[PDB]
Amino acid sequence: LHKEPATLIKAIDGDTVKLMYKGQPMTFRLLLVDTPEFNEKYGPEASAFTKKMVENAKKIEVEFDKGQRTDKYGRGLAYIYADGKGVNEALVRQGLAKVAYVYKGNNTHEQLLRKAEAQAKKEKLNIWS
Ligand SMILES: Cc1cn([C@H]2C[C@H](OP(=O)(O)O)[C@@H](COP(=O)(O)O)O2)c(=O)[nH]c1=O
Ligand SMILES: [Ca+2]
């Protein structure tokens, strides 16, 4: 897989973000994770965490997996990085997302994220509390 440039347009919630990618505005949905919706428990904390991560970043990158790059809603499906750090993994590591929506052929970072989830669950963090 390879990292490509993008710039923040706007934070949306825990696992969606609006980015400019190849010069066009797109909503991105983070692969392999699921944050609570804003109205659910840890929803607000998940949104705040992703917001801080992407807003503070000097450099946002998007990384597509091997499979479909857009979902049925026209959202881009990617791993997103903020100053080289995985947002997807950071959320799971902090117990603010669950590994989820693991579809065959877009699952390159599955095992890396499951290892993160295990540590968050061990630490009883947030969702796992
Ligand atoms: C993360 C992801 C979600 N989706 C679709 C599946 C779910 O369809 P449904 O809307 O019919 O439930 C929805 C979950 O996204 P959200 O968790 O943002 O709601 O997004 C994909 O198709 N591919 C993906 O990789
Ligand atoms: Ca969600």
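All residue numbers refer to positions in the sequence shown, counting from 1. No hydrogens, no waters, no symmetry mates; every other heavy atom, side chains included, goes into these values.
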Looking only at heavy atoms, what is the nearest atom pair of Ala46 and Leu96, with distance?
-> CB-O, 3.7 Å
Kindly determine whether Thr16 and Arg75 satisfy side-chain contact (heavy atoms from CB on, under 4.5 Å), including the steps that lead there.
-> CA-CA 9 Å; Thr16 53; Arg75 305 177 297 179; 4.0 Å; yes
Heavy atoms, side chains only, cut-off 4.5 Å: are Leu19 and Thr27 in contact?
-> no
I would like to know whether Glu123 and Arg93 meet salt bridge (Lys or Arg N to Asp or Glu O under 4.0 Å); could you show each step before the answer?
-> CA-CA 10 Å; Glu123 290 161 38; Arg93 182 59 186 81; 2.8 Å; yes
Any chance you could lay out the side-chain contact (heavy atoms from CB on, under 4.5 Å) test for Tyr79 and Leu32, step after step, and finish with the verdict?
-> CA-CA 9 Å; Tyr79 307 103; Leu32 303 185; 3.3 Å; yes
Least distance between heavy atoms, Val33 atom then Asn88 atom | CG1-O, 3.7 Å
Taking all non-hydrogen atoms of both residues into account, name the closest pair between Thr50 and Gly14 and its distance.
-> OG1-O, 2.7 Å
Just checking, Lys3 and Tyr81: is the charged tip under 6.0 Å from the six-membered ring centre and within 45° of the axis?
-> yes
Does the side chain of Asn126 come under 3.5 Å of the side chain of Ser129 through a donor N or O and an acceptor N or O?
-> no
Would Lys115 and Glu117 count as a salt bridge (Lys or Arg N to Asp or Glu O under 4.0 Å) if you check the C-alpha gap in whole Å, the side-chain angles of each, and the deciding distance to 0.1 Å?
-> CA-CA 5 Å; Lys115 176 57 170 296; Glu117 184 180 90; over 6 Å; no
List the steps and the verdict of side-chain contact (heavy atoms from CB on, under 4.5 Å) for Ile127 and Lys98.
-> CA-CA 8 Å; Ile127 294 177; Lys98 283 174 177 192; 4.0 Å; yes
Student check: side-chain heavy atoms of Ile60 and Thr7 closer than 4.5 Å = no
Pair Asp34 + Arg29: basic N to acidic O under 4.0 Å | yes
Rounded to the nearest 0.5 Å, how far does NZ of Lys52 lie from CD of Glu55?
-> 11.0 Å
Are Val92 and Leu1 in one and the same hydrophobic cluster, where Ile, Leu, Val, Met, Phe, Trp and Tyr link if side-chain heavy atoms are under 4.5 Å apart?
-> yes
Would you check if the side chain of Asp83 reaches a backbone N or O of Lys59 as a donor-acceptor pair within less than 3.5 Å?
-> yes
Return the minimal non-hydrogen interatomic distance between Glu89 and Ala116, and the atom names on each side.
-> CG-CB, 4.1 Å
Taking C-beta and beyond as the side chain, do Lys22 and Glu4 meet within less than 4.5 Å on heavy atoms?
-> yes
Separation of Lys51 NZ from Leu8 CG (nearest 0.5 Å) | 9.5 Å
Search all heavy atoms of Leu77 against all heavy atoms of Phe28 and return the closest pair with its distance.
-> N-CD2, 4.5 Å
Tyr21 and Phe64: aromatic ring centres closer than 6.0 Å?
-> yes
Atom CG in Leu31, atom OH in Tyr103: separation rounded to 0.5 Å?
-> 10.5 Å
At what distance, to the nearest 0.5 angstrom, does CD of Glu37 lie from CG of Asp13?
-> 6.0 Å
Pairwise distance CD(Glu110) to CG(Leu113) - rounded to 0.5 angstrom | 8.5 Å
Nearest-0.5 Å distance that lies between atom CD in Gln94 and atom CD in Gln119 | 11.0 Å
Full working for side-chain contact (heavy atoms from CB on, under 4.5 Å) between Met20 and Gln24 = CA-CA 5 Å; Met20 193 185 287; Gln24 311 299 334; 5.7 Å; no
Of all heavy-atom pairs between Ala11 and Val17, which one has the smallest distance, and what is that distance?
-> CA-CG2, 4.1 Å
In terms of hydrophobic clustering (I, L, V, M, F, W, Y; side-chain heavy atoms under 4.5 Å; direct or indirect links), are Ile80 and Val102 co-clustered?
-> yes
Is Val62 close to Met26 at the side-chain level, that is, under 4.5 Å between some pair of heavy atoms?
-> no
Whether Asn106 side chain and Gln68 backbone form a donor-acceptor pair below 3.5 Å = yes
Can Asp65 and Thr108 be counted as having a side-chain donor-acceptor contact under 3.5 angstrom?
-> yes
